[PDB]
Visitor: 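I have a structure I would like to understand better, so I am pasting it below and will then ask my questions one at a time.
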Amino acid sequence: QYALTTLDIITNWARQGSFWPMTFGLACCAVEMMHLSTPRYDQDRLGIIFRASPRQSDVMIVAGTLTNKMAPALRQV
Amino acid sequence: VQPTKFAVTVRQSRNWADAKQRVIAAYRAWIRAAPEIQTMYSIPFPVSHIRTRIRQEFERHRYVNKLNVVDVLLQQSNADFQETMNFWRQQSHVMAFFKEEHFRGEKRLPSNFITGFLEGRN
Amino acid sequence: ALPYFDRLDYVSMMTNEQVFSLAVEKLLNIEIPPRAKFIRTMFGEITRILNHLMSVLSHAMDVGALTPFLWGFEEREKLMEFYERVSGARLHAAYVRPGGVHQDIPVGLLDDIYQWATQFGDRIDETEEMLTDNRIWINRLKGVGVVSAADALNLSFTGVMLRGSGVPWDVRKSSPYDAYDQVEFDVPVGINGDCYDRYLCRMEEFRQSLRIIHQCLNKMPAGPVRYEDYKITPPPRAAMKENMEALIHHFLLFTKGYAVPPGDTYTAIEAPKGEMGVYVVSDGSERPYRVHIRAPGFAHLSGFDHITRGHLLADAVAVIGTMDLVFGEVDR
Amino acid sequence: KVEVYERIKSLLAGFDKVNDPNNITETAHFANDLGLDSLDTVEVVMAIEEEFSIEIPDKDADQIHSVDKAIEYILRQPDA
Amino acid sequence: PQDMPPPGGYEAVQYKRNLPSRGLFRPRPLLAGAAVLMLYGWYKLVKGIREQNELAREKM
Amino acid sequence: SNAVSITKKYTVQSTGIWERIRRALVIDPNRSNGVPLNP
Amino acid sequence: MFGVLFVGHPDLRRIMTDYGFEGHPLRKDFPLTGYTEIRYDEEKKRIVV
Amino acid sequence: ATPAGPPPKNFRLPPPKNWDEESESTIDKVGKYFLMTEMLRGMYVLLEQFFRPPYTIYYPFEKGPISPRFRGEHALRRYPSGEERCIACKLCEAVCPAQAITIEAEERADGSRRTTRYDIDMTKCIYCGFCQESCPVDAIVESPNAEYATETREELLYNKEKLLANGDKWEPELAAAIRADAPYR
Amino acid sequence: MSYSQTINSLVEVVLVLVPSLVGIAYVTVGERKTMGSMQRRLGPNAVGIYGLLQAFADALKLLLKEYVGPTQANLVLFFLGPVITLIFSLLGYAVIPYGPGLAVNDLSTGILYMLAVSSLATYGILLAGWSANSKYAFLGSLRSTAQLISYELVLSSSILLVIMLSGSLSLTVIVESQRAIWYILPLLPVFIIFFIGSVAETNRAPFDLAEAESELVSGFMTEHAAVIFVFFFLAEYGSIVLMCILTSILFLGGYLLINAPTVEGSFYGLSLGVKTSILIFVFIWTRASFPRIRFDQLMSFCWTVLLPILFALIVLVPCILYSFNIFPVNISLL
Ligand SMILES: *P(=O)(O)OCC(C)(C)[C@H](O)C(=O)NCCC(=O)NCCSC(=O)CCCCCCCCCCCCC
Ligand code: SF4
Ligand code: SF4
């Protein structure tokens, strides 16, 4: 049991320590999202790196108004 | 043509003879494209089933006797044709055109009075 | 409907709400108080700097120049504090309304803006240290996205997309609004109509915006910030709890709204991304019959084919960035 | 040619909008003899175009109104 | 009262372009500097290789 | 000149040996660092 | 938005609405929320109107 | 292009200068090209920034500044006696630009005009402060709180119980923010 | 000899390879922190003390992420490119002298060994883009292969000038021959060209189209998930460190400085490390300082600026050597 928690802690520490979002920056929320990478907050200090493609990404941040015309693209990524 | 692949400049029909040619021309392009439409959107229906839908769409407007209304329907047909042959539509858009693929069925209205009444206005 | 304008060009919130306030004020047939005019002009140029910081630097980041974007977004943080001090929002202030502005500025804001103003010139200069003379930057922008002065007018280009091609034209100069007739500033104009000229116009617009803000700090008059008719602007909360007339006018303005005389108007301002206009039709009631928004980014992106046909795919990122393109403006 | 006609029967007889099979001739007309309205005719020429794997221009298609007219038209076209 | 400017008025702030030239990036001293390092290096390289060549003589 | 004095720009200044180092090394000693003063 | 034809226009197509959208939303008789809406269906494994 | 009237003085540019006529020496021209002088100058700027203090704050141990006007999580307030401030005027429900508020009301058991339903759909609310501006009794306010992200969307459908509890917890901030900004309201 | 040969080779390999990967891991952490200080920010400071565990978090996250391969084109071919790139990117460390002769393989043809293993690494990039079965990403990987071979010509032309000075391809002899003078002074233009070529050879900014996502057609490396990303990224940082080590070897005097065996070895290792670290810092410094060059411009820079200068230097330098009677001896000396 203790071993399996240790791997649990280890694998979770890696998921938290390298948190790579794929920012689907649809609208004005993307501006506040973009301000998390800037010097005042510097998400990189915590290990957050924004990623352009979904293939390299662990988290999807839907930051913006999702229109019907755009929904198929969001489901695809 | 010039602006994008299947772009047709908006023009009025000169007369009823002119309009009929365009309508037949529009139908011909539609049913010709039906094989490509199937494989391009991976439609789970045979080209026969798709081509029937094309005729019914043209048959809803078979009784139009007004030239200006025909020009409107022709412009709509060209716009739908372009956005289909260009892969601008998505499978969800074309699949929604086939009324059978709604989870409540295609007979979405009551057959007669008593079936709709027993279920509660359909 | 006013907060709907914050969310069109959503890095230029106060000028977006400025254009709708001016159009409604025109149909209301009211002259706003002088202090409101100076506050709106002052926040107009603060919002122009916020926009150009987003536009120029993110355009620089798209072609590979990571660092200026980091430096300048700390400047954005400082100016977003001024937006949060006046309203209670970082972005969607809903601050400029028909009749003036929502509330007056807190008593220590002007000096805090002044302190930021004494150091902003250096921030502009350090940005120009990395880009203006850099041969990679020049080779990425010079001769790219050229449009002639004649075609820019026929394509509906406004703002920097028009002034970069040599046409001297600014809505603040040609049709003055708020307090821009009471301030001194120069209009940067390019000559080659390319991405490099449009970059240099925007860098100089930084300095003229700061020059206007300093004049607004010294010319700020005393008085009310909302037109003084409680049939249009809400009364002060102390008046609303004190006298019968004020309470009625408060009740009606927040349930029915003020009635706007019937008619229509096209009102345009020099927004940070070019000529922003709004076309409003009033039917005499408290709801607008029709609101159409003229977004400069809509006209600019409609010209993408004209400016890019025959050119390299590797220059498309340069002209997408040379157009100040936010798609809340484009699509609405 | 005669090989085209034997292929012509393969589709007209299979068409479900014919008034009665075996009514086909060497010169039968779609409208007068076979009872085909306008669009059913548009579909028949499109089925022939598929068989000979040659696209038919809309003006040429308007000219085609009879079994013989199609047999004559396909022979002129090089592809088959 | 209200937020107002100081009675004198706020002092002028810098807004005009300030990217002054500096001697660390003028090309003439840089070219002179580069030439001296190359000239000094070739002087040391002639002396170095000639010595290395004499060491091969002794070793052989 | 174009530049205003660093002594009038509302930013944290350097002092002592570090101000002399700064005036000797930076491209323009009148340029502020953008850090606002807490008082 | 309005369904108005412009004769002589090259490439008169929709610019704002979704592909295959039915109706002209800025008509006074067009209702505010329109007629239809979308969602993801887990049987069809795709979006459905 | 130019305004009507005579051409602006000196609007026409002088003719282009040939290579021969450039007022810049060859050695300087060749030196900048091969030595990349302006690129070296830009690199030197980065070293200057490398030794300047960073702007980063260590959130959540430190926080960025907010004002008494800041618009965050909604709350329902009381009088000092503990009576609800809300009297079901429906001004906030009418002014709401997003239709996020739903209210029902009758006479309370004591005959007082009070609400029975007070819901705010936090997934409809645009955080504009219009309700707080329209309220004649200071009943609906936006708290300074912004850290209330939730696991499910249903947790963002606030009813009257959730909103009155929020006002009970945040009241000293709510009074302080009202105290600072009420002169300007 | 004293102990078993196999034991010696085990220990010597472990001493070079293991601390190398530790250094490559912290070059990525140092890149983030150096650009951050330059960007008025902190960079990684939370994953481990002072952010010292950040690269290990990144690697473990990617190694436990799921891989999304192509539409079953081939299992072997898909991994074949990434495997080749990593192995041959790391193979060049085996001839680096951490002191006179202190290399895994003290090879007399060592310079040519380094050139060969770099040429074999470009295959993995090209074999990856094709295997992705996406004609868009293939063209980017094709452009990246064109840039790598073109600037390989720049590096081997620069290296030929250094061999003329030392008369040897042994990395040790090149370093010993700099006790006379570091080659950066006599060959100053060559050092600048070689450093620029090394940045281009590593797909590093301002030559970074391979990973550029903002450029519309660029970003071939941007479609690499899980293990494949780890392979390509490790290979790139591994090549960055090796191009900085080789630059110090050829121009900055290698392990040379400015009685016990342990301390002599430590000082030689430290001097090589200090010089390598400075070039890694400059390497990070240029990525943060410049915008990105277009593909057509970077190919024109190589073929119409750098190479014509190098081929001119290939004529001049041996003429100077002959004119001053300084053609070196090619026998085993030093
Ligand atoms: P024949 O005598 O049988 O009929 C000839 C006509 C049709 C001309 C009539 O006799 C007639 O007189 N009609 C009056 C005028 C007319 O024809 N109206 C114009 C109608 S155009 C029209 O209906 C266009 C509709 C196109 C729809 C195509 C299918 C829908 C798109 C989706 C395709 C499937 C999914 C990808
Ligand atoms: S919160 Fe205020 S405005 Fe809304 S119903 Fe209660 S008293 Fe009226
Ligand atoms: S903040 Fe604005 S949107 Fe939200 S409930 Fe109050 S009035 Fe409605």
Side-chain angles (χ1 to χ4, degrees), chain A residues 16-21 23 33-51, chain C residues 53 57-58 60-61 64-78 123 126-127 129-130, chain F residues 12 33-35, chain H residues 42-62 64, chain I residues 23-59 204-206 208 211 214 233 236-237 240 277-292:
Chain A
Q16 299 164 71
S18 36
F19 178 116
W20 290 359
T23 59
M33 191 180 56
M34 160 177 343
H35 269 261
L36 271 203
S37 74
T38 61
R40 177 161 294 177
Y41 298 111
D42 189 26
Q43 56 188 38
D44 169 61
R45 95 164 166 97
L46 286 152
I48 286 93
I49 298 163
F50 283 151
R51 286 314 165 138
Chain C
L53 283 169
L57 296 184
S58 99
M61 182 188 24
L66 278 56
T67 307
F69 176 93
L70 280 307
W71 297 341
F73 265 61
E74 180 62 21
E75 286 308 281
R76 284 189 46 84
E77 290 281 348
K78 293 182 195 144
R123 311 283 73 77
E126 301 196 318
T127 314
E129 288 274 30
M130 323 288 321
Chain F
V12 190
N33 61 16
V35 185
Chain H
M43 302 181 58
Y44 199 81
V45 162
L46 254 60
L47 262 46
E48 221 286 290
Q49 300 268 46
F50 178 93
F51 294 106
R52 273 171 182 189
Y55 290 117
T56 313
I57 72 171
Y58 296 52
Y59 172 88
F61 306 93
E62 311 151 351
Chain I
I24 289 158
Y26 283 106
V27 145
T28 76
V29 165
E31 180 177 279
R32 292 166 67 177
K33 302 195 67 57
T34 308
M35 278 198 276
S37 299
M38 268 152 191
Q39 289 165 354
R40 303 291 300 276
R41 56 185 190 80
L42 309 184
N45 82 320
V47 175
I49 290 311
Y50 289 134
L52 288 187
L53 293 181
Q54 183 59 79
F56 310 120
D58 291 312
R204 282 289 289 194
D208 52 294
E211 50 103 6
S214 34
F233 177 100
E236 208 279 295
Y237 283 89
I240 287 169
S277 287
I278 284 173
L279 295 180
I280 291 163
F281 176 90
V282 169
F283 224 93
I284 300 157
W285 188 12
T286 79
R287 170 180 195 180
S289 318
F290 302 133
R292 186 176 299 123

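What you see below is based on every heavy atom in this structure, not just the backbone, and it leaves out hydrogens, waters and symmetry mates. Naming: A, B, ... by sequence-line order, numbering from 1 per chain.
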Visitor: For side-chain contact (heavy atoms from CB on, under 4.5 Å), just list the numbers for I:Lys33 and I:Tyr50, CA-CA rounded to whole Å, side-chain angles, deciding distance to a tenth of an Å, and then say yes or no.
Guide: CA-CA 10 Å; I:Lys33 302 195 67 57; I:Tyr50 289 134; 5.8 Å; no
Visitor: How close do H:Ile57 and H:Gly64 get, heavy atom to heavy atom, and via which atoms?
Guide: CD1-N, 3.7 Å
Visitor: Less than 4.0 Å between a side-chain N and a carboxylate O, is that true for A:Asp44 and I:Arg32?
Guide: yes
Visitor: Taking atom CG of A:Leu36 and atom CG of A:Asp42, what is their separation to the nearest 0.5 Å?
Guide: 10.0 Å
Visitor: Considering all heavy atoms of both residues, which atom of I:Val47 and which atom of A:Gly17 are nearest to each other, and what is their separation?
Guide: CG2-O, 3.3 Å
Visitor: Given H:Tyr55 and C:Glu77, is the side-chain contact (heavy atoms from CB on, under 4.5 Å) satisfied, shown in steps?
Guide: CA-CA 10 Å; H:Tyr55 290 117; C:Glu77 290 281 348; over 6 Å; no
Visitor: List the steps and the verdict of side-chain contact (heavy atoms from CB on, under 4.5 Å) for H:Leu46 and C:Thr67.
Guide: CA-CA 9 Å; H:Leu46 254 60; C:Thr67 307; 3.9 Å; yes
Visitor: Please identify each residue that fulfils ring-ring contact (aromatic ring centres under 6.0 Å, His included) with H:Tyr58, with sequence neighbours left out.
Guide: none
Visitor: Ring centroids only, cut at 6.0 angstrom: are A:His35 and C:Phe73 within range, meaning strictly under it?
Guide: yes
Visitor: Between I:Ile240 and I:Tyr237, is there a side-chain heavy-atom distance shorter than 4.5 Å?
Guide: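 Yes. Closest side-chain heavy atoms under 4.5 Å.
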Visitor: From I:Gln54 CD over to I:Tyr26 OH, what is the distance, rounded to the nearest 0.5 angstrom?
Guide: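 OH of I:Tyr26 is found 11.0 Å from CD of I:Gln54.
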Visitor: Testing the basics here: between I:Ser214 and C:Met61, what is the closest heavy-atom pair and its distance to 0.1 Å?
Guide: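 I:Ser214 and C:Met61 have their closest heavy atoms at OG-O, 4.1 Å.
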Visitor: Of all heavy-atom pairs between I:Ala57 and A:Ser18, which one has the smallest distance, and what is that distance?
Guide: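 Reported closest heavy-atom pair: O-OG, 3.1 Å.
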Visitor: When the ring centroid of H:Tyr44 is compared with that of H:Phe50, is the distance short of 6.0 Å?
Guide: no
Visitor: Could you walk me through whether I:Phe233 and I:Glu211 pass the side-chain contact (heavy atoms from CB on, under 4.5 Å) test, one step at a time?
Guide: CA-CA 11 Å; I:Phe233 177 100; I:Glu211 50 103 6; over 6 Å; no
Visitor: How close do I:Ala205 and I:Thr286 get, heavy atom to heavy atom, and via which atoms?
Guide: O-OG1, 3.5 Å
Visitor: So, for H:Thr56 and A:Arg45, which heavy atoms are closest and what is the spacing to 0.1 Å?
Guide: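 Of all heavy-atom pairs spanning H:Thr56 and A:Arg45, the closest is CG2-CD, 4.4 Å.
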Visitor: Identify whether the distance between the nearest side-chain nitrogen and carboxylate oxygen of H:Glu48 and H:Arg52 falls below 4.0 Å.
Guide: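 Looking at H:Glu48 and H:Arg52, the cut-off is met.
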